[PDB]
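Residue numbers (my numbering), protein chains in the order written: chain A, 90 to 134; chain B, 243 to 315; chain C, 81 to 156. Note that beta-carbon positions come from the ideal geometry of N, C-alpha and C, so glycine has one too.
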Amino acid sequence: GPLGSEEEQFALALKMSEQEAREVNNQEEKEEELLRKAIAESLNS
Amino acid sequence: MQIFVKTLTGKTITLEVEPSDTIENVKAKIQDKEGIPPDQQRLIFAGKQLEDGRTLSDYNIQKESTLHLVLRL
Amino acid sequence: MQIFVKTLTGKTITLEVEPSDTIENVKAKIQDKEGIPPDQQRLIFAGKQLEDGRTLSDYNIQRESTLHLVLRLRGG
């Protein structure tokens, strides 16, 4: 009969998914920060 | 558009979708490919389970995004 | 004519180009000196991000101009 844990693997998926999303966001954020810095440079000098 | 669905065994499924596709559509594709009824599919993305009536666009699920599939009864 | 490309790391690179050169081509020339893949490059001129399809003259980027480079993971 049943031996695995549904809410346990459910929790794992949430966490890994969470991490993955935080990674994607951090990437998008640094890329925006770099873009902002290049724009400021191109206009300030 | 291409996305992925990771399963419990580590086996990864690749799907060709459109940003306007709904989650129920995606569950329809997974069923057609894996034979798993939509009733038993839980799709998780960005720390939460996704709802059938919304689109991939509503969850900002882009190309190459990885969705997590866990099963219910 | 020559133009300059500046990175945020403080490096200034020089390039020999023609007004008729396309941004795509400019990135290619950068690639050949810095190794940086063209699709990871983003060029900024006077507050404007340059599109691959236009040319230097489309932007009126004249001789001695300075372009600013910053990277992205990939295009699309």
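Should residue i be flagged as near chain A, meaning a C-beta pair shorter than 8 Å?
i             : result
residue 290/B : yes
residue 125/C : yes
residue 136/C : no
residue 152/C : yes
residue 130/C : no
residue 287/B : yes
residue 88/C  : yes
residue 259/B : no
residue 122/C : yes
residue 298/B : no
residue 249/B : no
residue 308/B : yes
residue 312/B : yes
Where does residue i fall in DSSP's three states?
i             : result
residue 259/B : coil
residue 96/C  : strand
residue 104/A : helix
residue 265/B : helix
residue 98/A  : helix
residue 83/C  : strand
residue 286/B : strand
residue 253/B : coil
Nearest to residue i by CA position, among the options, is which residue?
i             : options                    : result
residue 126/A : 115/C, 128/C, 88/C         : 88/C
residue 155/C : 106/A, 92/A, 104/A, 117/A  : 117/A
residue 245/B : 315/B, 309/B, 314/B        : 309/B
residue 108/A : 314/B, 293/B, 286/B, 300/B : 286/B
residue 102/C : 136/C, 92/C, 90/C, 91/C    : 136/C
residue 82/C  : 134/C, 109/C, 104/C        : 109/C
residue 59/C  : 86/C, 105/C, 91/C, 97/C    : Within the shown structure, residues of chain C are numbered from 81 to 156, placing residue 59/C beyond reach of any answer.
residue 140/C : 93/C, 94/C, 99/C, 91/C     : 99/C
residue 95/C  : 151/C, 120/C, 143/C        : 143/C
residue 92/C  : 148/C, 121/C, 111/C        : 148/C
residue 113/A : 312/B, 313/B, 303/B, 257/B : 303/B
Taking only beta-carbon positions, decide if residue i is within less than 8 Å of chain C.
i             : result
residue 126/A : yes
residue 116/A : yes
residue 131/A : yes
residue 120/A : yes
residue 101/A : no
Quick check: is the beta carbon of residue i nearer than 8 Å to any beta carbon in chain B?
i             : result
residue 94/A  : no
residue 107/A : yes
Are at least three pairs of beta-carbons, each pair with one atom in the segment 100-114 of chain A and one in the segment 287-297 of chain B, less than 8 Å apart? yes
Is there contact between the segment 118-129 of chain C and the segment 291-305 of chain B, where contact requires at least three CB pairs shorter than 8 Å? no
Only counting runs of 3 or more residues, tell me where the beta strand (DSSP E) segments fall wholly within the segment 105-136 of chain C, in order along the chain. 121-125
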